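Structural features, examined
Residues per chain, in single letters:
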Amino acid sequence: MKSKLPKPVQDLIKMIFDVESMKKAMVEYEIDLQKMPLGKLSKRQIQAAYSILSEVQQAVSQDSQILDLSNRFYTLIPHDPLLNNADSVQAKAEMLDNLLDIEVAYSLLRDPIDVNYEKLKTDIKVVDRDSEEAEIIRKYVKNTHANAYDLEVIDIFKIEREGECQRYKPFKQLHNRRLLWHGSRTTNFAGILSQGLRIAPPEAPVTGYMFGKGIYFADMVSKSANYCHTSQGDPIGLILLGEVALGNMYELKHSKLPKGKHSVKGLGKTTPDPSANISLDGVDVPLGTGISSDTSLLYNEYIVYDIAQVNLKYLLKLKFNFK
Ligand SMILES: CN(C)CC(=O)Nc1ccc2[nH]c(=O)c3ccccc3c2c1
């Protein structure tokens, strides 16, 4: 029966639950879809591939011994590439980080649009273009952009994740609560809305993460926009905006969080203008233009090591221009 959901929401549900986009990504990840289809994909083997990927990372102590386990990974994950380098492990690490959010997407998936919206267990409300919050969101995109592509906001959604507010409740008393970006691939978003924003498992190798396993954020929209993996063919992507209770920040230029700190701030070369900082709802919004800050980073990085420190507030349907 005719759904009463708005068109930008209706079209977003079609986008985040696109079966063809999932199979398309599996082809691009070189995965042999004939020996392992989309359906026969299981979490039990993804987690097993990780514990074998971390064993290749263990081959730091000691070439014939490495390839005996390197090919054993290709036994679990069919491919249609020798894993000995640290770069080779990180590449397959990002693949499994993406594959798991597709296994979650197709698990939920297996009128129809209204069932899928409720399957995600989230309230997605469209934000009007004339609203005050739309100007503040559009200014944050236009001013915190670094120039190889141009960004234009197609839609703004106020996303209310089920059971996230009561989870975020104790961290709301923390100081320095900022509104930061989290960019991810269009396919992962079905899992990001149901399970939420998560941290990498202990099975996964630590080599791939600069500041260890946690939830990574940025103040510059362009930084997170690169993690959308958008091309000339399909330029539409999805980026998030979440309330991150940072509090006591551990400022790093280059173990686990000191007794007293609550977050890590990887200092960068360029920071959004602090004299142009708006404190909307008692939450800092660094929508100023990029000014200069020894630092081994592009721009600033904000990492939290507790899933509850995050409260996903907005969602943006972005269009990418290629010059
Ligand atoms: C630490 N890594 C690059 C491995 C990885 O796949 N994680 C990952 C995965 C998704 C990420 N998304 C982001 O928006 C982001 C922003 C600033 C810094 C990092 C990220 C980010 C990082």
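Identification of the chain as POLY ADP-RIBOSE POLYMERASE 1 from Homo sapiens is taken from the PDB entry. Looking at the PDB record, one finds the entry titled "Human ARTD1 (PARP1) - Catalytic domain in complex with inhibitor PJ34".

1. Here we look at the overall build of the chain
Check the secondary structure of the chain and you find 10 helices and 13 strands. Against the globule reference of 20 Å for 323 residues, the chain gives a C-alpha radius of gyration of 20 Å, in line with a compact fold. The dimensions of the chain, computed from C-alpha atoms along their principal axes, are 60 × 60 × 45 Å. Out of the 323 residues belonging to the chain, those deemed buried represent 50%. Of note, the chain has its 41 positive side-chain charges centred 2 Å away from the centre of its 41 negative side-chain charges.

2. Points about the site of the ligand
Around the ligand, the neighbouring residues are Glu94, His182, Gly183, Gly208, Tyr209, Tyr216, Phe217, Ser224, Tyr227 and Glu301. Between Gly183 and the ligand, the recorded distance is 2.8 Å, taken from a backbone N or O atom to a nitrogen atom. Taking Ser224, its side chain carries an N or O atom lying 3.4 Å from an oxygen atom of the ligand. Breaking the shell around the ligand down by element, the ones donating at least two residues are β3 (177-183) and β4 (215-217). Within the shell around the ligand, the residues separate by chemical class into 4 nonpolar, 4 polar and 2 charged.

3. Let's talk about the UniProt feature "active site" in the chain
Sites flagged by UniProt as "active site" map to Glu301. Within the secondary structure, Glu301 sits in strand β12 (residues 301-304). With relative accessibility at 10%, the residue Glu301 sits in the buried group. Setting aside anything within four residues of it in sequence, one finds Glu301 in contact with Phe211, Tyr216, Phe217, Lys223, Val264, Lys265 and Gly266.

4. Overview of the environment of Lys121
The residue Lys121 is located in the loop between α6 (112-120) and β1 (122-126) in this model. Of the residues examined, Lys121 reaches a relative accessible area of 48% and is grouped as partly exposed. Discounting residues that sit within four places of it in the chain, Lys121 has contacts with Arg161, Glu162 and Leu193.

5. Section: the packing of helix α1 (residues 7-16) against α6
At a minimum axis separation of 10 Å, α1 and α6 run at an interaxial angle of 75 degrees. The angle between the axes of α1 and α6 places the two elements in the roughly perpendicular class. Across the interface between the two elements, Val9, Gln10, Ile13, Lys14 and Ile16 from α1 touch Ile113, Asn116, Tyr117 and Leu120 from α6. For the contact of α1 with α6, the residue count by class is 6 nonpolar, 2 polar and 1 charged.

6. Points about the environment of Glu243
Considering the arrangement of structural elements, one finds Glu243 in strand β5 (residues 236-245). Taking the C-alpha atoms as reference points, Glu243 and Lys172, 71 residues apart in sequence, are found 9.3 Å from one another. Beyond its immediate stretch of four places on either side in the chain, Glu243 contacts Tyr168, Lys172, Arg177, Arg178, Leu179, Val283, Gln309, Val310, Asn311 and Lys313. Side chain to side chain, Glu243 and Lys313 meet in a polar contact 2.8 Å long.

7. What about a negative patch on the surface?
Judged by side-chain charge, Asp128, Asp130, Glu132, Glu135 and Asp281 come together as a negatively charged surface patch. By secondary structure assignment, the location of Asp128 is in the loop between β1 and α7 (132-143).

8. What about the pattern of salt bridges?
Evaluated as defined, the whole model comprises 14 salt bridges. Between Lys14 and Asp11 there is a salt bridge; the shortest N-O distance is 3.3 Å. Here the residue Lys14 and the residue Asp11 both occupy positions in helix α1, the gap between them amounting to 3 residues, near one helical turn. Assessed through its relative accessible area of 42%, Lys14 is described here as partly exposed. One network of salt bridges, with partners in common, ties together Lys172, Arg177, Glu243 and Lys313.

9. Focus: the nonpolar core
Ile16, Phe73 and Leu96 are the most contacted members of the largest nonpolar core, which totals 85 residues. Considering every element that reaches this core, the biggest residue donor is helix α5 (residues 86-109), with 10 residues. The residues that make up this core include at least three from each of domain 1 (1-120) and domain 2 (121-323). When near neighbours in sequence (up to four residues on either side) are disregarded, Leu96 contacts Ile46, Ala49, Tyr50, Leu53, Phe73 and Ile77. In this structure, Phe211, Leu252, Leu297 and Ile303 belong to the second largest nonpolar core, which totals 6 residues.

The rules we used
- Residues numbered from 1 in each chain as written, not as in the entry; some residues may be left out.
- Heavy atoms only, no water.
- Helix = DSSP H or I, 4+ residues; strand = E, 2+ residues; numbered from the N terminus.
- Rg over C-alpha atoms; globule rule 2.2 N^0.38 Å.
- Buried < 20%, exposed > 50% of the residue type's maximum accessible area, 1.4 Å probe, protein only.
- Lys, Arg positive; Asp, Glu negative; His and termini not counted.
- Charge placed at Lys NZ, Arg CZ, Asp CG, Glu CD.
- Near = heavy atom within 4 Å.
- Polar contact = N/O pair within 3.5 Å; in protein donor to acceptor, adjacent residues only side chain to side chain.
- Nonpolar A, V, L, I, M, F, W, Y, C, P; charged D, E, K, R; others polar.
- UniProt positions renumbered as here; feature names shortened; annotations may be inferred.
- Contact = heavy atoms within 4.5 Å.
- Axes fitted to C-alpha atoms, helices over the stretch in contact; angles between N-to-C directions.
- Parallel < 35°, antiparallel > 145°, perpendicular 65-115°, else oblique.
- Patch = residues over 30% accessible without salt bridge, like charges linked within 9 Å, V, L, I, M, F, W, Y side chains within 5 Å.
- Areas by Shrake-Rupley, 256 points an atom, 1.4 Å probe, with all protein chains shown as cover.
- Salt bridge = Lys/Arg side-chain N within 4 Å of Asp/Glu carboxyl O.
- Core = buried A, V, L, I, M, F, W, Y, C linked by side-chain atoms within 4.5 Å.
- Domains from an automatic or database assignment.

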